[PDB]
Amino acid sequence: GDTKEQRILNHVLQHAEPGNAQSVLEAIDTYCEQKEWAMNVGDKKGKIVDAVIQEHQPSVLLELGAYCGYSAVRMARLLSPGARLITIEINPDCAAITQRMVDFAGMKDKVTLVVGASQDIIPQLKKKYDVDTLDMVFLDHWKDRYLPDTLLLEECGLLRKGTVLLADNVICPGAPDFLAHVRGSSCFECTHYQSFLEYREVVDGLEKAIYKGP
């Protein structure tokens, strides 16, 4: 047998162009529109992710939630030489898929994959992954972790003035406690980017929260 995540990977390996990150993204998006929905950020919201990366030019980018590697490929392809993406994924099989997808897309030199839970890895980023502060964070893991991991990132000293947090799914499925925190707090300057849930006409949005200092 096989799983949805394996079928998405197999579609890419068999139909996308090796070394062509854009072709990998398009193959995933086509498979998910035509065959089986999956929780990749997708094309519409992905254009917004792309725009945030282009506006901030992060040198150290952290992703929480890798899944099959769609967003890791999408983001990595816009980073400059010497920039790096650290992506944390709790499920070892998804992590294996993500590394296979990254490698196929020609992005392996940009990406450090970490297997584990964000809450376990964040407190180790400075000591084990040679992070000082982060330039940007993409939150796209289980939504009940968005608030507590944001507080962990801050308390661990990983945010600096101007660090960008970009959170998927703030409308659907929703992340209301995260939203109330960053919006209400004087420590974050927030902008809402409304769009659509991946591969659907359901409304969703992203929140961009720029840290302003403690």
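Note that residue numbering follows the sequence shown and begins at 1.
Comparing the deposited coordinates for 63-71 and 181-189, the stretch with the larger average C-alpha B-factor is 181-189.
When 30-38 is weighed against 164-172, 30-38 comes out higher, by mean CA B-factor as recorded in the entry. Residue-level inspection of the entry shows that, of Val102, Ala83, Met136, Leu139, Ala83 has the top Cα B-factor. Looking at the C-alpha B-factors along this chain, the one for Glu198 belongs to the lowest third. Per-chain ranking of the deposited C-alpha B factor places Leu206 in the lowest third.
Among all modelled residues in this chain, the alpha-carbon of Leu147 has a temperature factor (C-alpha) in the middle third. Among all modelled residues in its chain, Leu25 ranks in the middle third by Cα B-factor. Sorting the modelled residues of the chain by their CA temperature factor places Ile122 in the highest third.
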